[PDB]
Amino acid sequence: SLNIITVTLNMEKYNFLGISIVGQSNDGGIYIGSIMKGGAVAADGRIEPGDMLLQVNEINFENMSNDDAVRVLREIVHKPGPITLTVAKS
């Protein structure tokens, strides 16, 4: 049963999300492997390890390689403005 949540993070006080992403669509997809204390995601508290990362700032992370996902996340985090993550709960 579908369990989708959208998390908009104010990145005024945070310099990184503090997430590690594992796996990719072979369909499966890209998962939150771990969440690092000190990051925006940990502070917000809603996203948990095992959540599937679907979308960041209107970019579809479905059918995206792990390498590509890391590079896109880096580009987004290195630019100003709030970051909107949409995940499927485990």
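Numbers for residues come from their place in the sequence shown, where the first is 1. Definition used throughout: the rigid core is the maximal C-alpha set that superposes within 1.5 Å between two forms.
Between stretches 58-66 and 39-47, greater average Cα displacement in 4 other deposited structures of this protein relative to the shown form, fitted by the core, falls on 58-66. Across the other compared structures of the same protein with both neighbouring residues present, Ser20 carries coordinates in every case, with no third of them leaving it out. Gap check for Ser65 to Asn66: zero deposited residues are absent from the model.
The PDB entry records a higher mean C-alpha B factor for 57-65 than for its counterpart among 57-65 and 37-45. Of the candidates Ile19, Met11, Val22, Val70, the PDB record gives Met11 the highest C-alpha temperature factor. Among the modelled residues of the chain, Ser90 sits in the highest third by CA temperature factor in this PDB entry.
When all modelled residues of the chain are sorted by CA temperature factor, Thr6 is found within the lowest third.
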